[PDB]
Structures are given as C-alpha cells and as structure tokens.
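K.L.:
Have a peek at input_35.tsv (TSV, C-alpha atoms).
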```
chain	number	residue	atom	x	y	z
A	1	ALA	CA	103.54	61.19	154.71
A	2	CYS	CA	101.13	60.66	151.81
A	3	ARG	CA	100.31	64.37	151.96
A	4	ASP	CA	102.83	64.87	149.16
A	5	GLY	CA	100.91	62.37	147.05
A	6	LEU	CA	97.53	64.04	147.55
A	7	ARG	CA	99.05	67.38	146.55
A	8	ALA	CA	100.60	65.93	143.39
A	9	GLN	CA	97.29	64.34	142.41
A	10	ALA	CA	95.42	67.61	142.92
A	11	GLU	CA	97.97	69.50	140.83
A	12	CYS	CA	97.61	67.01	137.97
A	13	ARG	CA	93.80	67.07	138.14
A	14	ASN	CA	93.82	70.87	138.06
A	15	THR	CA	96.26	70.92	135.16
A	16	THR	CA	94.19	68.55	133.01
A	17	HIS	CA	91.07	70.53	133.90
A	18	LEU	CA	92.70	73.77	132.77
A	19	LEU	CA	94.17	72.23	129.61
A	20	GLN	CA	90.74	70.95	128.56
A	21	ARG	CA	89.28	74.46	128.82
A	22	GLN	CA	92.22	76.01	126.97
A	23	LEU	CA	91.86	73.38	124.25
A	24	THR	CA	88.13	74.04	123.82
A	25	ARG	CA	88.68	77.80	123.68
A	26	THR	CA	91.55	77.51	121.18
A	27	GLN	CA	89.48	75.23	118.93
A	28	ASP	CA	86.67	77.79	119.07
A	29	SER	CA	89.12	80.53	118.05
A	30	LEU	CA	90.38	78.30	115.24
A	31	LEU	CA	86.86	77.85	113.89
A	32	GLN	CA	86.28	81.61	114.12
A	33	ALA	CA	89.44	82.27	112.10
A	34	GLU	CA	88.35	79.69	109.53
A	35	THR	CA	84.93	81.37	109.33
A	36	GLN	CA	86.65	84.69	108.59
A	37	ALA	CA	88.86	83.08	105.94
A	38	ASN	CA	85.83	81.50	104.27
A	39	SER	CA	83.95	84.80	104.10
A	40	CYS	CA	87.03	86.62	102.84
A	41	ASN	CA	87.39	84.03	100.09
A	42	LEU	CA	83.89	84.77	98.79
A	43	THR	CA	84.81	88.46	98.74
A	44	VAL	CA	87.88	87.59	96.68
A	45	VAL	CA	85.80	85.58	94.20
A	46	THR	CA	83.25	88.39	93.92
A	47	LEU	CA	85.99	90.94	93.22
A	48	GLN	CA	87.60	88.62	90.67
A	49	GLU	CA	84.23	88.27	88.94
A	50	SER	CA	83.83	92.04	88.77
A	51	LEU	CA	87.40	92.61	87.61
A	52	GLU	CA	87.02	90.11	84.76
A	53	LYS	CA	83.95	91.99	83.54
A	54	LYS	CA	85.75	95.34	83.68
A	55	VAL	CA	88.87	93.99	81.98
A	56	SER	CA	86.74	92.65	79.12
A	57	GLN	CA	84.83	95.92	78.92
A	58	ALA	CA	88.02	98.00	78.79
A	59	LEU	CA	89.30	95.88	75.90
A	60	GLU	CA	86.00	96.26	74.04
A	61	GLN	CA	86.19	100.03	74.53
A	62	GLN	CA	89.71	100.16	73.12
A	63	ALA	CA	88.56	98.40	69.96
A	64	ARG	CA	85.70	100.89	69.68
A	65	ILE	CA	88.07	103.81	70.17
A	66	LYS	CA	90.23	102.44	67.37
A	67	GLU	CA	87.20	102.08	65.10
A	68	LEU	CA	86.14	105.66	65.81
A	69	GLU	CA	89.65	107.05	65.34
A	70	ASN	CA	89.74	105.40	61.91
A	71	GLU	CA	86.39	106.92	61.00
A	72	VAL	CA	87.48	110.41	62.06
A	73	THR	CA	90.61	109.98	59.94
A	74	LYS	CA	88.49	108.91	56.98
A	75	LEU	CA	86.05	111.82	57.24
A	76	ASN	CA	88.90	114.30	57.71
A	77	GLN	CA	90.49	112.99	54.52
A	78	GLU	CA	87.21	113.43	52.65
A	79	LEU	CA	86.97	117.04	53.83
A	80	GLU	CA	90.61	117.59	52.95
A	81	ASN	CA	89.96	116.21	49.48
A	82	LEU	CA	87.15	118.72	48.92
A	83	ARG	CA	89.47	121.52	50.07
A	84	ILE	CA	92.16	120.36	47.66
A	85	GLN	CA	89.67	120.19	44.79
A	86	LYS	CA	88.83	123.85	45.45
A	87	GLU	CA	92.51	124.72	45.80
A	88	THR	CA	93.23	123.18	42.40
A	89	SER	CA	90.03	124.17	40.59
A	90	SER	CA	91.80	126.74	38.38
A	91	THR	CA	95.08	124.90	37.86
A	92	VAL	CA	95.98	124.05	34.27
A	93	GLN	CA	99.17	123.19	32.40
A	94	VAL	CA	100.43	126.22	30.47
A	95	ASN	CA	103.67	125.07	28.82
B	1	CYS	CA	101.33	54.38	148.45
B	2	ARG	CA	100.21	52.67	145.24
B	3	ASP	CA	96.67	54.03	145.04
B	4	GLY	CA	98.37	57.27	144.05
B	5	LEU	CA	101.15	55.96	141.81
B	6	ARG	CA	98.66	54.48	139.34
B	7	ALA	CA	96.36	57.51	139.47
B	8	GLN	CA	99.41	59.73	138.92
B	9	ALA	CA	100.90	57.92	135.93
B	10	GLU	CA	97.47	58.01	134.28
B	11	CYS	CA	96.92	61.70	135.01
B	12	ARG	CA	100.40	62.32	133.60
B	13	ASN	CA	99.59	60.54	130.34
B	14	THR	CA	96.40	62.59	130.07
B	15	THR	CA	98.22	65.85	130.71
B	16	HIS	CA	100.63	65.05	127.88
B	17	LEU	CA	97.86	64.13	125.43
B	18	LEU	CA	96.01	67.38	126.19
B	19	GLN	CA	99.19	69.45	125.89
B	20	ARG	CA	99.79	67.88	122.49
B	21	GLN	CA	96.25	68.61	121.32
B	22	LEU	CA	96.53	72.19	122.57
B	23	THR	CA	99.79	72.76	120.71
B	24	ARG	CA	98.33	71.33	117.49
B	25	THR	CA	95.24	73.52	117.79
B	26	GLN	CA	97.29	76.64	118.48
B	27	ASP	CA	99.42	75.96	115.42
B	28	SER	CA	96.34	75.41	113.26
B	29	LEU	CA	94.98	78.66	114.67
B	30	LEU	CA	98.09	80.56	113.55
B	31	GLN	CA	97.83	78.97	110.10
B	32	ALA	CA	94.17	79.94	109.79
B	33	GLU	CA	94.95	83.50	110.85
B	34	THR	CA	97.62	83.62	108.15
B	35	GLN	CA	95.14	82.34	105.56
B	36	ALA	CA	92.83	85.18	106.61
B	37	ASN	CA	95.64	87.74	106.47
B	38	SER	CA	96.76	86.60	103.03
B	39	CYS	CA	93.15	86.72	101.87
B	40	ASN	CA	92.89	90.26	103.24
B	41	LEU	CA	95.87	91.28	101.10
B	42	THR	CA	94.32	89.68	98.02
B	43	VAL	CA	91.15	91.66	98.67
B	44	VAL	CA	93.09	94.94	98.85
B	45	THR	CA	95.03	94.05	95.70
B	46	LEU	CA	91.83	93.30	93.79
B	47	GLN	CA	90.02	96.36	95.14
B	48	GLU	CA	92.80	98.61	93.87
B	49	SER	CA	92.98	96.89	90.47
B	50	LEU	CA	89.20	97.16	90.18
B	51	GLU	CA	89.28	100.85	91.07
B	52	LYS	CA	91.83	101.50	88.32
B	53	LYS	CA	89.84	99.50	85.75
B	54	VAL	CA	86.60	101.28	86.63
B	55	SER	CA	88.43	104.59	86.22
B	56	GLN	CA	89.94	103.43	82.92
B	57	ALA	CA	86.51	102.47	81.63
B	58	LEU	CA	85.25	105.95	82.55
B	59	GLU	CA	88.14	107.70	80.80
B	60	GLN	CA	87.67	105.48	77.75
B	61	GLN	CA	83.93	106.13	77.66
B	62	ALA	CA	84.61	109.87	77.76
B	63	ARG	CA	86.97	109.41	74.82
B	64	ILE	CA	84.37	107.39	72.93
B	65	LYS	CA	81.79	110.14	73.40
B	66	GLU	CA	84.25	112.78	72.22
B	67	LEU	CA	85.05	110.74	69.12
B	68	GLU	CA	81.39	110.02	68.42
B	69	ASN	CA	80.69	113.74	68.67
B	70	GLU	CA	83.53	114.42	66.23
B	71	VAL	CA	82.22	111.85	63.78
B	72	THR	CA	78.74	113.39	63.81
B	73	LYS	CA	80.23	116.87	63.45
B	74	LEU	CA	82.41	115.95	60.47
B	75	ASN	CA	79.57	114.02	58.85
B	76	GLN	CA	77.28	117.04	58.98
B	77	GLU	CA	80.03	119.32	57.67
B	78	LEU	CA	80.50	116.94	54.75
B	79	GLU	CA	76.77	116.79	54.04
B	80	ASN	CA	76.38	120.57	54.05
B	81	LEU	CA	79.36	120.98	51.74
B	82	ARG	CA	78.15	118.28	49.35
B	83	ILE	CA	74.63	119.67	49.06
B	84	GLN	CA	76.12	123.12	48.50
B	85	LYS	CA	78.28	121.79	45.67
B	86	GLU	CA	76.23	121.79	42.46
B	87	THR	CA	72.98	122.92	43.98
```
Here is a file; write its structure as structure tokens.

P.N.:
Amino acid sequence: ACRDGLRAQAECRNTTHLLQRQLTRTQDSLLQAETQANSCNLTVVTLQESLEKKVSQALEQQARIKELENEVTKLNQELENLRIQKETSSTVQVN
Amino acid sequence: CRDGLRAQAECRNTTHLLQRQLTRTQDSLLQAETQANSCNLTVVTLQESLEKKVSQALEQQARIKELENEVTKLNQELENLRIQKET
C-alpha cells in the first residue's frame, strides 16, 4: 500500500538530517584548519623577520672581518719593515 | 498517493543541495589542510636557515674577536719596538 511511501519519506528525512550535521561538522573542521593556517603564517612572518636581521648582520660582520684582516696585514708589514731595516743596517756598497 | 510524491520530490532536491554543499566544504577542508601543511614546511625551512645564520654569526663573531686581539697585540709590539728605537 502506501507503506512504501512512508518508508521512502522517512529515509529522505533521515538523510537530510544527517547531511546537515555532517555539513556543520565539516565546516567547523574547515574553520579549524584555516585557524591553524593563519597562526602558522604569523610564525612564518616572524621567522622571516628574524632571518632578515641575521642575514644583514652576517654581511656586516663579513665587512668587519675584511677591515680587520687588512689592518692585521698592514701592521704585519710595518713590523716586517722594522725587521728588514735591522737586517740591512750594516749593508753598504763596496765595489 | 500524491501527498507523498510532492513531499518526496522536495526532499530529494534538498538532499542533493546538501550533498553538494558537503562536497564543496570537504574539498575546501582538504585545500585548507594543504595550506597548513605547506606552511609547516616553510616554517621548517626557515627554522633551519635561521639556525645556520645564527651559527654563522657566532663563528664570524669569534673570528672578529680573534682578529681584534691580533690587532691589539701587533699594535703593542710596534709601540714597544718604536719606543725602544732611539730611546
């Protein structure tokens, strides 16, 4: 009889009911994932900020190392010059 | 019956709309998870680059201190030798 109809209507009502709950739960999971992505992005920006500072600082240090190397070379040459002056202090032309 | 045929066609249209919304939301969910996973990789990449740059800055600071010590040393040697000469 119309028993078949009542059963079909119940099935459809149950299915829509279930789908609504699944939809709400999936949307909630979506928003949770988006919340995680947002937080992660701030972490990325913070790391990028710190890396920029360190990259600049490393370059500054390399310039300073170069400056100091040049000074050590200069002072070593001055010491070497004094040693050579002593080495040659008795050297004359004899021919 | 007809009381059921109408109620059924409607409930069918609603089922389909909800199934469509669910699919869309699931797909957006997967995309958001991928954004989070990609971001996680970027974090690891940056953490490792930052660790190397921090370590480089430490090595370079050690070198700077060594060189500064050498400069002071040589400067004093030169001053002692210069005072000694013709005093």

K.L.:
Using all atoms listed in the file, find which residues of chain B lie within 8 Å of chain A and jot them down as JSON, numbers by chain.

P.N.:
{"B": [1, 4, 7, 8, 11, 12, 14, 15, 18, 19, 21, 22, 25, 26, 28, 29, 32, 33, 35, 36, 39, 40, 42, 43, 46, 47, 49, 50, 53, 54, 56, 57, 60, 61, 63, 64, 67, 68, 70, 71, 74, 75, 78]}

K.L.:
Please, could you write that set of residues out with C-alpha atoms as an mmCIF file, in the coordinates of the input?

P.N.:
```cif
data_model
loop_
_atom_site.group_PDB
_atom_site.id
_atom_site.type_symbol
_atom_site.label_atom_id
_atom_site.label_comp_id
_atom_site.auth_asym_id
_atom_site.auth_seq_id
_atom_site.Cartn_x
_atom_site.Cartn_y
_atom_site.Cartn_z
ATOM 1 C CA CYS B 1 101.330 54.380 148.450
ATOM 2 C CA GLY B 4 98.370 57.270 144.050
ATOM 3 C CA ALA B 7 96.360 57.510 139.470
ATOM 4 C CA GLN B 8 99.410 59.730 138.920
ATOM 5 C CA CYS B 11 96.920 61.700 135.010
ATOM 6 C CA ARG B 12 100.400 62.320 133.600
ATOM 7 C CA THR B 14 96.400 62.590 130.070
ATOM 8 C CA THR B 15 98.220 65.850 130.710
ATOM 9 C CA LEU B 18 96.010 67.380 126.190
ATOM 10 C CA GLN B 19 99.190 69.450 125.890
ATOM 11 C CA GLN B 21 96.250 68.610 121.320
ATOM 12 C CA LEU B 22 96.530 72.190 122.570
ATOM 13 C CA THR B 25 95.240 73.520 117.790
ATOM 14 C CA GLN B 26 97.290 76.640 118.480
ATOM 15 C CA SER B 28 96.340 75.410 113.260
ATOM 16 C CA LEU B 29 94.980 78.660 114.670
ATOM 17 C CA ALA B 32 94.170 79.940 109.790
ATOM 18 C CA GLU B 33 94.950 83.500 110.850
ATOM 19 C CA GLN B 35 95.140 82.340 105.560
ATOM 20 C CA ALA B 36 92.830 85.180 106.610
ATOM 21 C CA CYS B 39 93.150 86.720 101.870
ATOM 22 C CA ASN B 40 92.890 90.260 103.240
ATOM 23 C CA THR B 42 94.320 89.680 98.020
ATOM 24 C CA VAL B 43 91.150 91.660 98.670
ATOM 25 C CA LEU B 46 91.830 93.300 93.790
ATOM 26 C CA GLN B 47 90.020 96.360 95.140
ATOM 27 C CA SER B 49 92.980 96.890 90.470
ATOM 28 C CA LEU B 50 89.200 97.160 90.180
ATOM 29 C CA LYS B 53 89.840 99.500 85.750
ATOM 30 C CA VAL B 54 86.600 101.280 86.630
ATOM 31 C CA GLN B 56 89.940 103.430 82.920
ATOM 32 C CA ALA B 57 86.510 102.470 81.630
ATOM 33 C CA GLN B 60 87.670 105.480 77.750
ATOM 34 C CA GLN B 61 83.930 106.130 77.660
ATOM 35 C CA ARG B 63 86.970 109.410 74.820
ATOM 36 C CA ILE B 64 84.370 107.390 72.930
ATOM 37 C CA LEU B 67 85.050 110.740 69.120
ATOM 38 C CA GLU B 68 81.390 110.020 68.420
ATOM 39 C CA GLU B 70 83.530 114.420 66.230
ATOM 40 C CA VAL B 71 82.220 111.850 63.780
ATOM 41 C CA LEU B 74 82.410 115.950 60.470
ATOM 42 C CA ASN B 75 79.570 114.020 58.850
ATOM 43 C CA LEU B 78 80.500 116.940 54.750
#
```

K.L.:
Which value, in Å to one decimal, gives the distance between CA of residue 81 (chain A) and CA of residue 82 (chain B)?

P.N.:
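These two atoms are separated by 12.0 Å.
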
K.L.:
Do you have the CA of residue 89 (chain A)-CA of residue 86 (chain B) distance handy?

P.N.:
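Straight-line distance from CA of residue 89 (chain A) to CA of residue 86 (chain B) works out to 14.1 Å.
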
K.L.:
Could you work out how far CA of residue 87 (chain A) lies from CA of residue 72 (chain B), giving the answer in Å with one decimal?

P.N.:
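Taking CA of residue 72 (chain B) as the start and CA of residue 87 (chain A) as the end point, the length is 25.3 Å.
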
K.L.:
Around region 13-23 of chain A, with edges along x, y and z and 4 Å added on all six sides, what centre and edge lengths do you get, in Å to one decimal, as AutoDock Vina command-line options?

P.N.:
```
--center_x 92.8 --center_y 71.5 --center_z 131.2 --size_x 15.0 --size_y 16.9 --size_z 21.9
```

K.L.:
With C-alpha atoms as the atom set, please write chain B from the structure just given, as an mmCIF file, in the first residue's frame.

P.N.:
```cif
data_model
loop_
_atom_site.group_PDB
_atom_site.id
_atom_site.type_symbol
_atom_site.label_atom_id
_atom_site.label_comp_id
_atom_site.auth_asym_id
_atom_site.auth_seq_id
_atom_site.Cartn_x
_atom_site.Cartn_y
_atom_site.Cartn_z
ATOM 1 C CA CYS B 1 -0.683 8.887 -3.327
ATOM 2 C CA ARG B 2 0.196 12.488 -4.176
ATOM 3 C CA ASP B 3 0.696 13.829 -0.657
ATOM 4 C CA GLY B 4 3.916 11.825 -0.757
ATOM 5 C CA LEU B 5 5.043 12.463 -4.329
ATOM 6 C CA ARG B 6 5.344 16.209 -3.719
ATOM 7 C CA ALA B 7 6.970 15.773 -0.310
ATOM 8 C CA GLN B 8 9.391 13.292 -1.893
ATOM 9 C CA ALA B 9 10.487 15.388 -4.864
ATOM 10 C CA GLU B 10 11.139 18.275 -2.481
ATOM 11 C CA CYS B 11 13.095 16.148 -0.013
ATOM 12 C CA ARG B 12 15.094 14.842 -2.979
ATOM 13 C CA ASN B 13 16.014 18.349 -4.123
ATOM 14 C CA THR B 14 17.096 19.176 -0.577
ATOM 15 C CA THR B 15 19.205 16.033 -0.290
ATOM 16 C CA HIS B 16 21.038 16.992 -3.480
ATOM 17 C CA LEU B 17 21.667 20.577 -2.365
ATOM 18 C CA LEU B 18 23.071 19.369 0.967
ATOM 19 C CA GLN B 19 25.241 16.738 -0.714
ATOM 20 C CA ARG B 20 26.637 19.455 -2.966
ATOM 21 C CA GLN B 21 27.384 21.753 -0.029
ATOM 22 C CA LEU B 22 29.029 18.889 1.852
ATOM 23 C CA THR B 23 31.272 18.025 -1.087
ATOM 24 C CA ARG B 24 32.305 21.670 -1.524
ATOM 25 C CA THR B 25 33.096 22.001 2.172
ATOM 26 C CA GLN B 26 35.113 18.782 2.222
ATOM 27 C CA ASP B 27 37.142 19.973 -0.753
ATOM 28 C CA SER B 28 37.761 23.345 0.888
ATOM 29 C CA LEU B 29 38.802 21.444 4.006
ATOM 30 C CA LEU B 30 41.419 19.475 2.059
ATOM 31 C CA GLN B 31 42.700 22.700 0.489
ATOM 32 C CA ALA B 32 42.981 24.382 3.885
ATOM 33 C CA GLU B 33 44.834 21.386 5.296
ATOM 34 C CA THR B 34 47.251 21.626 2.376
ATOM 35 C CA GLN B 35 47.775 25.331 3.046
ATOM 36 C CA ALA B 36 48.618 24.406 6.638
ATOM 37 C CA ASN B 37 50.961 21.606 5.535
ATOM 38 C CA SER B 38 52.771 23.845 3.062
ATOM 39 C CA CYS B 39 53.076 26.497 5.754
ATOM 40 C CA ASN B 40 54.520 23.873 8.095
ATOM 41 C CA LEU B 41 57.217 23.101 5.523
ATOM 42 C CA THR B 42 58.015 26.793 5.126
ATOM 43 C CA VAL B 43 58.410 27.047 8.896
ATOM 44 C CA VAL B 44 60.870 24.139 8.959
ATOM 45 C CA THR B 45 62.787 25.606 6.011
ATOM 46 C CA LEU B 46 63.085 28.984 7.726
ATOM 47 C CA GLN B 47 63.960 27.470 11.104
ATOM 48 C CA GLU B 48 66.865 25.589 9.548
ATOM 49 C CA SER B 49 68.088 28.613 7.577
ATOM 50 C CA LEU B 50 67.856 30.725 10.732
ATOM 51 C CA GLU B 51 69.802 28.139 12.733
ATOM 52 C CA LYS B 52 72.602 28.202 10.155
ATOM 53 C CA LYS B 53 72.699 32.009 10.071
ATOM 54 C CA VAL B 54 72.775 32.256 13.861
ATOM 55 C CA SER B 55 75.663 29.778 13.858
ATOM 56 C CA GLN B 56 77.422 31.712 11.095
ATOM 57 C CA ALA B 57 77.099 34.935 13.071
ATOM 58 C CA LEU B 58 78.647 33.177 16.078
ATOM 59 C CA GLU B 59 81.570 31.812 14.047
ATOM 60 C CA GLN B 60 82.096 35.223 12.468
ATOM 61 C CA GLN B 61 81.990 36.975 15.835
ATOM 62 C CA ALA B 62 84.625 34.567 17.134
ATOM 63 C CA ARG B 63 86.758 35.434 14.116
ATOM 64 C CA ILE B 64 86.259 39.150 14.715
ATOM 65 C CA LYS B 65 87.406 38.796 18.325
ATOM 66 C CA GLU B 66 90.469 36.815 17.253
ATOM 67 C CA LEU B 67 91.372 39.478 14.695
ATOM 68 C CA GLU B 68 90.756 42.311 17.151
ATOM 69 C CA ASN B 69 93.043 40.557 19.624
ATOM 70 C CA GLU B 70 95.691 40.238 16.914
ATOM 71 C CA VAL B 71 95.423 43.904 16.026
ATOM 72 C CA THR B 72 95.887 44.965 19.654
ATOM 73 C CA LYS B 73 98.799 42.548 20.022
ATOM 74 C CA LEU B 74 100.616 43.786 16.912
ATOM 75 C CA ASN B 75 99.941 47.407 17.839
ATOM 76 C CA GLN B 76 101.567 46.966 21.244
ATOM 77 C CA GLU B 77 104.518 45.117 19.714
ATOM 78 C CA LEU B 78 105.002 48.018 17.316
ATOM 79 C CA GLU B 79 104.780 50.593 20.098
ATOM 80 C CA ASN B 80 107.327 48.792 22.278
ATOM 81 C CA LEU B 81 109.728 48.456 19.360
ATOM 82 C CA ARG B 82 109.334 52.102 18.337
ATOM 83 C CA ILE B 83 109.919 53.475 21.835
ATOM 84 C CA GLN B 84 112.947 51.192 22.142
ATOM 85 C CA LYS B 85 114.369 52.562 18.890
ATOM 86 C CA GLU B 86 116.289 55.768 19.650
ATOM 87 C CA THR B 87 115.464 55.954 23.309
#
```
